[PDB]
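# Structural characterization, general
Residue-level listing of the chains:
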Amino acid sequence: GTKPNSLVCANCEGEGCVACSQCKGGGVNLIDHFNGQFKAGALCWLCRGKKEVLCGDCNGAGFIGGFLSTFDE
Amino acid sequence: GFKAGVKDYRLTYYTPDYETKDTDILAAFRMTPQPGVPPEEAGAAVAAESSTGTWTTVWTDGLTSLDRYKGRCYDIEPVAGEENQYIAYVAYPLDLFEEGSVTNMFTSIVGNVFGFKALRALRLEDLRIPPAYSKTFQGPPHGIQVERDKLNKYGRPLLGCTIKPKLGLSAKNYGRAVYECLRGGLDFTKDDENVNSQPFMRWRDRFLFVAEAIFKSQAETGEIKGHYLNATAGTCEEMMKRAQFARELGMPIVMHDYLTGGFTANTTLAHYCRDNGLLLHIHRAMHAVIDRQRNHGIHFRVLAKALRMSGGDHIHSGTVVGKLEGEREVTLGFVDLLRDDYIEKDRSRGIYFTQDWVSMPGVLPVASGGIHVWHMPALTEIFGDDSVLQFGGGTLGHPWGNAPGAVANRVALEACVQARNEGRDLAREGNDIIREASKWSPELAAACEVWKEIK
Amino acid sequence: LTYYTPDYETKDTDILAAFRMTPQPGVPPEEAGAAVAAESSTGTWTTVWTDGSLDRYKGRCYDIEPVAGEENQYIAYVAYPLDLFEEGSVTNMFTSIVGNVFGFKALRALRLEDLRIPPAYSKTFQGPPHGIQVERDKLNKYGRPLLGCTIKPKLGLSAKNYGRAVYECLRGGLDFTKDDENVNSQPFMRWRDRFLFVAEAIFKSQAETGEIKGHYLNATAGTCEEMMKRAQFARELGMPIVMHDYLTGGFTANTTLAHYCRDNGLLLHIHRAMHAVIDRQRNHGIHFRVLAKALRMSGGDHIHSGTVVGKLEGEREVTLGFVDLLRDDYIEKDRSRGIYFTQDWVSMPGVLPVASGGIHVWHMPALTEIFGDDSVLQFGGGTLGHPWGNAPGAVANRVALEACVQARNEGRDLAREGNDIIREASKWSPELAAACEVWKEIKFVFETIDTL
Amino acid sequence: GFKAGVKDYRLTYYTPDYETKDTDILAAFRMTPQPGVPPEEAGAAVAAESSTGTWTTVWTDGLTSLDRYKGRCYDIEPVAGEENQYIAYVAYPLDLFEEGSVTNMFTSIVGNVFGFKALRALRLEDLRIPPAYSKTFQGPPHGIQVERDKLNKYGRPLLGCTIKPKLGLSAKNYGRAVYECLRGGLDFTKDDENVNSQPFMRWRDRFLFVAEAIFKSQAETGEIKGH
Amino acid sequence: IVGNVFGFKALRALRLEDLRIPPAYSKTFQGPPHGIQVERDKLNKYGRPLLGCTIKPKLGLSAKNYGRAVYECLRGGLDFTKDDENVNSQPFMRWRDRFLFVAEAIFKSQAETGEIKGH
Amino acid sequence: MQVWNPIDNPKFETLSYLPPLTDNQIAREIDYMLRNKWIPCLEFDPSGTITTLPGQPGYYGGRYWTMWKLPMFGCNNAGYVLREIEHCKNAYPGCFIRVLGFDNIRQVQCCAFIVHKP
Ligand SMILES: O=C(O)[C@@](O)(COP(=O)(O)O)[C@H](O)[C@H](O)COP(=O)(O)O
Ligand SMILES: [Mg+2]
Ligand SMILES: [Mg+2]
């Protein structure tokens, strides 16, 4: 998950936070998610009004190798 | 008679045919000498300047009788592939060590031989401790079974989390986060190795707030909870004071650093913990400066044995899932060296000598470093239900807060254990079982959207 | 871009460090330095976790240089704020700077070379118990280097026999004697009898010649209580000096002992054991110039510095540089000896260096040139291996040193004309003649592995 | 090398052109000398009899090397309006003080200079402490933020009251008034500086009664109270 | 007695001059440790005033040098010697070494003249 | 082999193992001292015994001597020092005599040796 010859997370592209998909830039449910547990109007069921999410690869680091993105051993 | 002058080493310290005794200590280094010296001289030289030898013949030796006190090289084996590498084997009498001291053994076996102008590199690999030198130590304070009885938790691995990048915080904000995480459903909660006492936060009030949070979190759930408190300091009077206060508040566990603090303080702390009924957690810092390179240093499997005899209950061991075949065999071997009671010889797993522990308790291994929900079944199937799993950014990164973050991990672990207890294979099914459990827990979902599958 | 500030104006209360790095193929250099700084301070380049004021708790890279002669080697400079460290604790400092950066998988090797400690942080430590001037005033010895000897064989001798050798050695003309580092308490000899016999020998030897003598008593133990018990007895008997190993024992125990020695008026001698496991390769580990500074901060009076003509590795220039960082008060920057930063010790006492490890009479002229008259020289096998005995062996060692001291003061060279100084002195000394005949052609020359 | 006799002070303790360092302690007195003495001599005399100096030249000084240890007057400014008033400025090396002791600094800076028969008045105005002498002290026990966290009170100033002239009162009457005031709604309650232990009231029973009152006042309101 | 009367504005200045302490209040104090007669009896000196001297320069000397001056001063005929009031414990001289050197000088000086000395 | 005599063999620290010193040797060190800008001084005493105490580390008796006149500050020729020695020898003919040196920058002595014996 690094750019050509550069320890930088390709997804967040050096940011740590990505965009919400459920609302896709909106912060409002576009359907009734789950089953009667979510409606189509209130805040997104995930970001809950933020359009933001931590990057899965780099847990907010921006780079790869480290005590937050790598295993251990 | 006395003959003043200099002689060779292979004339009194190389014993090709020698039969070892049961009360002996054995070692095994790999060496690479300088151009000019024959391997035999090198090996003999190593043993000579580590037991009883100099460089020019002394007279006070004809009144002590050697042969009874002296180390001996009794075998040399070439290494395949390399052109200038060999494995040596030295034997040490038992009347040369002081009982109950790790410092003496370490300063005798490796003290000044790693810096001679006749070698270019050295590395220690394994050691064999006779069952007559071990019975003089105390060992771990409690062990494995006693700790489980004390905590009243059976059948599954324990869970924990660490306060990740969150420094410069006041004590109250620290306690609030600790309470939230503990109420979430976890068991343990760590601290940060680089946090002892600083201008932005002193130690007494942090202890007070953590102790206040633990009880109030414990009341609502009816389960035993704890938190590791760092006790590393600059002198021996501060460390004892912090341990005594921690006991006074009625906390169940403390934590120490043993590579940068020393063996003497670690032994003193272990004795106190055994005397007063506490648990000890051991963290390994700066270890990578020694055991990383392949042709110089000391392997970690020796430091593990040293830690077992000095005393401890938990120890870090690193993850093993991202290890390819061939490797991870060493890790599985030196985990067995930590948990079992009788280990046989196996060269494919990096074991050089057969080891007997004559009824000494075990040590729980700890795994950590970037892990999420999708790694649950693999870790459950590799280690078994005798370990501690520590989560970092996989708990504080949830988009809904700290408390819902622990519920997902708890649900995933329970689902994996239930699946294992039914006959289903935890290696092939894998990604499939998590999805089914996600279809009745809104908190497991949302988490399975930030962290993707394996493959 | 962030953890790399190519303009930051370093303050005067910051701690600076310099690493040498070996990146993997492809990784750009100015990207690895930033990673080293982040993975040492916080572990991030983004602000996703802050917004809770931070920044005032992060390290930053501010310079990068290429190493001349090697195509893959660089030097990185990092600065740390003052509020990250606890006052009066070396354990913390070592844990905070080095404790996670040596496992980074984007690099292949790493070595710490130098560190700069500001005066605002040095004033919170105690330092050496006595120093250099106070010890010389106490012992009443001026104008020449001191002499000493270690006892052999190591492990195997009893207590009566151990004491019978100290007397004969001490009665011959030496000033000090020492126990091997691996001698604490063993089945063949326990400590409380060795102490008594050594004390009796010291008194008997002192009454004879008419000068002050001493012996370094080992106090390393497996627990703190035993270590503190073994020093109160030495205080009771009136002995002047003790010894301790600070790398296999610990920094926490060394600091507790230094405090006790300052409180009760004793002298401390330090031994550097196991150090070769950390500083021998020229591309991984920590240099000794850093451990020497740490010990000077923690507390001690003597320290082993190594020879340059013995059986163990060591290079002239490098040595000449760290002997001043250990003895002097203000040191400027010189990269031809290995100094990367300037150092000010704001009035803190100095530490005596010691040289030992396979040396004899045909080495006095050089040792006297490399070190001034502010050091201690030790000879174990060079004394107990004389064809006659221990007293005849000690006399030969003192005469050589006296002749060398007189020559220099008369204004003659020592490098050019040294064998003559020894040959001329051997004419009137029947003991020096025997020694010269035994060890005439015995030297140690091999290729250095830690060139520079 | 030694010349027995008396000399002037402005010959070794007045350094018009001196650049101060970052590890120095600085002071500032205002002075008014006696008719006869030039201001320079006066200023130099203060610096001398406060660091290292006497009145008749001693020989044991050619073995210690001064210049490293010595105070120095490096500026004098006249006070407008007044006819015989001036401001002086003295610098003190850092190796002259003991770490962690306020008594030593106070006894060194002002010990015997306020009583020389060549001045008529003196007054100290300010001091500059380098950041290398302060790091050896401990400072306040807790501070500001920690105390507010301990008491759990934010946003407004705290309130308190002091027992007015009600001396010759028994312990029980003292505790009753303390309880009434605390239940009223205040936060703190003081004592009286001139009350330690007297025949009409000893200290142990007063402590006991105050402690008894604090808890019972605290129970009814659910707020932290003290005395 | 004095802790608030020196800020009264209705006045311009104030100075305390004397006090009288009744015997019913003085008996609760201990007083001087020994006094005048006991000290003279202890030191065995009667007939004339005593003599003394302070050491200079103040701040700057080592411990060996400090002790070398006490002996020469004490061996000449004086009775007592004193440390400056600002001499406590400083980077240039600690106290535990000063005490030992002073004791040695005192013993050596006492053995020569034949009279009791102190510091 | 030979045996070192243990009976009645006192030593006097530096330069006591080398053959006896001559006046040329003496007026050779005084010059070495002067070339480095150090201050000479003389001391005398009638005995050289050393005494200890029961339980006090670092305490010995017999370390202080008596100073001749005062340290020779501002001295640039050796001759003067040699004359002062003859005066001291004439004054007290039953005592030891020592020569010292001093460094005011590090505050410490630099050399010491004996020049007369009873
Ligand atoms: O144990 C020894 O070998 C020595 O006593 C030397 O003995 P000989 O002189 O009798 O050989 C010293 O401890 C070493 O020099 C230590 O080395 P370093 O100074 O590098 O710590
Ligand atoms: Mg040795
Ligand atoms: Mg005075």
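Residues numbered from 1 in each chain as written, not as in the entry; some residues may be left out. Chains lettered and ligands numbered in written order. Part of a larger assembly, values for the part shown. Heavy atoms only, no water.

### Let's talk about the overall build of chain C
Helix and strand counts for chain C come out as 15 helices and 14 strands. Against the compact-globule benchmark of 22 Å for 452 residues, chain C has a radius of gyration of 25 Å, which places it among compact chains. Based on the C-alpha atoms only, the size of chain C along its principal axes is roughly 80 × 50 × 40 Å. Counting the 452 residues in chain C, one finds 67% classified as buried. As presented, chain C carries roughly 15100 Å² of accessible surface, and 51% of it is formed by carbon and sulfur atoms. Side chains of chain C give 49 positive and 59 negative charges; the mean places of these two sets differ by 6 Å. (Helix = DSSP H or I, 4+ residues; strand = E, 2+ residues; numbered from the N terminus. Rg over C-alpha atoms; globule rule 2.2 N^0.38 Å. Buried < 20%, exposed > 50% of the residue type's maximum accessible area, 1.4 Å probe, protein only. Areas by Shrake-Rupley, 256 points an atom, 1.4 Å probe, with all protein chains shown as cover. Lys, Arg positive; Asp, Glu negative; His and termini not counted. Charge placed at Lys NZ, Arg CZ, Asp CG, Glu CD.)

### Some thoughts on the overall build of chain F
For chain F, the count of helices and strands is 2 helices and 4 strands. The N-to-C order of helical and strand elements in chain F reads α-β-β-α-β-β. Projected onto its principal axes, the C-alpha positions of chain F cover 45 × 40 × 30 Å. Looking at chain F residue by residue over its 118 residues, the buried ones come to 43%. In chain F, the proportion of contacts linking residues at least 24 apart, taken out of those at least 6 apart, comes to 54%. Taken as a whole, chain F presents about 6700 Å² of accessible surface, with 57% of it coming from carbon and sulfur. The positive charge centre, built from 11 side chains, and the negative charge centre, built from 10, are 4 Å apart in chain F. (Contact = heavy atoms within 4.5 Å.)

### Focus: the coordination of the magnesium ion (ligand 3)
Residues and elements named next belong to chain E. Within the first shell, the magnesium ion (ligand 3) binds the protein through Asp84 (OD) and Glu85 (OE), at distances of 1.9 to 2.7 Å. A relative accessible area of 7% means that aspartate 84 is categorised as buried. Classification of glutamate 85 as partly exposed rests on a relative accessible area of 37%. (Donors = N, O, S within 2.8 Å, 3.2 Å for Na, K, Ca; no water.)

### What about the pattern of salt bridges?
Here the structure, examined in full by the defined rule, presents 68 salt bridges over all chains. A single network of salt bridges, built from pairs that share partners, joins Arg20(C), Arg111(C), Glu113(C), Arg289(C) and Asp450(C). (Salt bridge = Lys/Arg side-chain N within 4 Å of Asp/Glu carboxyl O.)

### Comments concerning the interface of chain F and chain C
One frequently used descriptor of interface size is the decrease in accessible area upon assembly of the parts. With 33 residues of chain F at the interface, the matching set in chain C holds 41 residues. Taken together, the two surfaces of chain F and chain C that pack against each other cover about 3400 Å², and 53% of this comes from carbon and sulfur. Residue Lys141(C) pairs with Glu13(F) through a salt bridge whose shortest N-O separation is 3.4 Å. Linking chain F to chain C there are 11 residue pairs in polar contact. Of all elements in the fold, only helix 1 (23-35) and strand 4 (108-116) of chain F reach the threshold of two or more residues within the side of chain F that touches chain C. Residue contributions to the side of chain F that touches chain C peak at 4 residues, all from strand 4 of chain F. A per-class count over the side of chain F that touches chain C returns 18 nonpolar, 10 polar and 5 charged. (Buried area = accessible area lost by both parts, 1.4 Å probe. Polar contact = N/O pair within 3.5 Å; in protein donor to acceptor, adjacent residues only side chain to side chain. Nonpolar A, V, L, I, M, F, W, Y, C, P; charged D, E, K, R; others polar.)

### What to know about the interface of chain C and chain B
Listed by partner, the interface residues are 84 residues for chain C and 74 residues for chain B. A buried area of about 7000 Å², summed over both sides, lies between chain C and chain B, and 57% of it is on carbon and sulfur atoms. Summed over the three residues of chain C that lose the most area to chain B, namely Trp49(C), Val277(C) and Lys311(C), the buried surface amounts to 10% of that side. Applying the counting rule to chain C against chain B returns 5 salt bridges. One salt bridge connects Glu86(C) with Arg242(B), and the closest N-O pair in it is separated by 3.8 Å. Counting residues per element, the ones that place at least two in the side of chain C that touches chain B are helix 2 (90-97), strand 4 (107-116), helix 7 (224-237), helix 8 (251-264), strand 9 (284-286) and helix 12 (381-384) of chain C. Class assignment for the residues of the side of chain C that touches chain B results in 35 nonpolar, 33 polar and 16 charged.

### A few points about helix 4 (residues 95-113) of chain E
Residue and element names in this part refer to chain E. Spanning 19 residues, helix 4 covers 27 Å between terminal C-alpha atoms, matching the ideal 27 Å at 1.5 Å per step. What helix 4 keeps buried is the set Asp97, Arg98, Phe101, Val102, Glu104, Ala105, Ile106 and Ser109. Downstream of helix 4 by one or two residues, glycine 114 has phi in the positive range, about 115°. (Expected span 1.5 Å × (residues − 1).)

### Looking at a nonpolar patch on the surface
A surface patch of nonpolar side chains, amounting to about 1400 Å² of accessible area, comprises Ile1(E), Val2(E), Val5(E), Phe6(E), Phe8(E), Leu11(E), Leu14(E), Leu16(E), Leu19(E), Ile21(E), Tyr25(E) and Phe29(E). Locating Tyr25(E) in the fold gives a position in helix 1 (residues 23-26). (Patch = residues over 30% accessible without salt bridge, like charges linked within 9 Å, V, L, I, M, F, W, Y side chains within 5 Å.)

### Digging into the side chain of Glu113(C)
Residue and element names in this part refer to chain C. Looking at the secondary structure, you find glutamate 113 in strand 4. Reaching out from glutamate 113, the side chain makes a polar contact with the side chain of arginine 20 at a distance of 3.3 Å. Separated by 3.5 Å, the side chains of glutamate 113 and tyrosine 340 make a polar contact. Excluding anything up to four places from it in sequence, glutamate 113 contacts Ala18, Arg20, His287, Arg289, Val290 and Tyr340.

### Quick look at helix 5 (residues 159-170) of chain C
Residues and elements named next belong to chain C. Here helix 5 is 12 residues long and its end C-alpha atoms lie 16 Å apart, about the 16 Å a rise of 1.5 Å per residue gives. Of the positions making up helix 5, those classed as buried are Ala159, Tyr162, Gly163, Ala165, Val166, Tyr167, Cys169 and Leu170. Buried-residue contacts for helix 5 involve helix 6 (191-209), helix 12 and helix 13 (390-410).

### Let's talk about the state of the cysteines
Defined simply, a disulfide is a covalent bond joining two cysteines at their sulfur atoms. Across all of its chains, the model carries 0 disulfides over all chains by this definition. Free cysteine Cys273(B): the closest other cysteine sulfur is in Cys236(B), separated by 14 Å. (Disulfide = S-S within 2.5 Å.)

### A few points about the site of ligand 1
Around ligand 1, 16 residues are found, and the nearest of them are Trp55(B), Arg272(C), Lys311(C), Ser356(C) and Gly381(C). This site is not confined to one chain, since residues near ligand 1 come from chains B and C. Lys152(C) places a side-chain nitrogen or oxygen 3.4 Å from an oxygen atom of ligand 1. For ligand 1, an oxygen atom lies 3.2 Å from a polar atom in the side chain of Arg272(C). Across the shell around ligand 1, the residue classes break down as 2 nonpolar, 9 polar and 5 charged. (Near = heavy atom within 4 Å.)

### Details of the coordination of the magnesium ion (ligand 2)
The reference angle at a metal is 109.5 degrees if four donors form a tetrahedron and 90 or 180 degrees if six donors form an octahedron. Of the protein atoms, only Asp180(C) (OD) and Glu181(C) (OE) coordinate the magnesium ion (ligand 2), at distances of 1.9 to 2.7 Å. Judged by its relative accessible area of 8%, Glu181(C) is buried.

### Remarks on the nonpolar core
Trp45(C), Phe85(C) and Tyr121(C) are the most contacted members of the largest nonpolar core, which has 124 residues in total. If we skip the residues at most four places from it in the chain, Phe85(C) touches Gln198(B), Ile15(C), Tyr80(C), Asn92(C), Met93(C), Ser96(C), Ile97(C) and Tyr121(C). Ranked by size, the runner-up nonpolar core spans 77 residues in total, among them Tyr133(B), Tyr272(B), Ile290(B) and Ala304(B). (Core = buried A, V, L, I, M, F, W, Y, C linked by side-chain atoms within 4.5 Å.)

### Observations concerning the arrangement of the chains
Counting contacts across all 10 pairs of chains that touch, the top-ranked interface belongs to chains B and C. Over all C-alpha pairs, chain A and chain F never come within contact, reaching a minimum spacing of 51 Å.

### Considerations on the packing of aromatic side chains
Under the counting rule described, the total for this entry stands at 40 aromatic pairs over all chains. Look at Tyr74(B) and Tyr89(B): their rings are 6.4 Å apart centre to centre, the planes differ by 40°, and that puts the pair in the tilted class. In this pair, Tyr74(B) sits in strand 2 (residues 72-78) while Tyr89(B) sits in strand 3 (residues 86-92), placing the two residues 15 residues apart along the sequence. Here the two residues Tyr74(B) and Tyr89(B) agree in accessibility, since each one is buried. Their ring planes at 80° and their centres at 5.5 Å tell us that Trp203(D) and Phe207(D) sit as a pair that is edge-to-face. On the criterion of helical spacing, the pair formed by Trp203(D) and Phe207(D) is a turn pair, its members being 4 residues apart in helix 5 (residues 203-221). (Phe/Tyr/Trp six-rings, centres within 6.5 Å; stacked < 30°, edge-to-face > 60°.)

### What to know about the packing of helix 4 (residues 171-184) of chain B against helix 5 (residues 203-221) of chain B
Residues and elements named next belong to chain B. One way to put it is that helix 4 packs onto helix 5 with a least axis distance of 9 Å and a crossing angle of 25°. With respect to helix 5, the element helix 4 is oriented roughly parallel. The two elements helix 4 and helix 5 cross, and the hand of that crossing is right-handed. In this structure, helix 4 uses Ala171, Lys172, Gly175, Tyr179, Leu182 and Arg183 to contact helix 5, whose residues at the interface are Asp205, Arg206, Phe209, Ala213, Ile214, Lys216, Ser217, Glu220 and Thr221. Counted by class, the contact of helix 4 with helix 5 contains 6 nonpolar, 3 polar and 6 charged residues. (Axes fitted to C-alpha atoms, helices over the stretch in contact; angles between N-to-C directions. Parallel < 35°, antiparallel > 145°, perpendicular 65-115°, else oblique. Left-handed = near helix turned anticlockwise from the far one by under 90°.)

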